[PDB]
Amino acid sequence: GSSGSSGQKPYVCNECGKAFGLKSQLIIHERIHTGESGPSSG
Ligand SMILES: [Zn+2]
């Protein structure tokens, strides 16, 4: 059931707090904060 409660994930997101066992995995995720098709507010 859990999305993934097993595995060492050093790469943690400082925006939400999502951990990614891989580096690039986090880089792509952080993108959601960097900018999503413009400023959410609008
Ligand atoms: Zn995040």
# chains A, B, ... in the order shown; residues from 1 in each chain; ligands from 1
>>> residues_around(residues="residue 29 in chain A", least_positions_apart="2", cutoff="12 Å", atoms="only C-alpha atoms", output="list in words")
residues 11, 12, 13, 14, 15, 16, 17, 18, 19, 20, 22, 23, 24, 25, 26, 27, 31, 32, 33, 34, 35 and 36 of chain A
>>> atom_distance(atom1="CA of residue 30 in chain A", atom2="CA of residue 2 in chain A")
21.2 Å
>>> closest_residue(among="A:37, A:28, A:6, A:42", to="ligand 1", atoms="only C-alpha atoms and all ligand atoms")
A:28
>>> select_by_dssp(residues="chain A", states="strand (DSSP E)", output="ChimeraX atom specification")
/A:11-12,19-20
>>> select_by_dssp(residues="chain A", states="helix (DSSP H, G or I)", output="VMD selection string")
chain A and resid 23 to 34
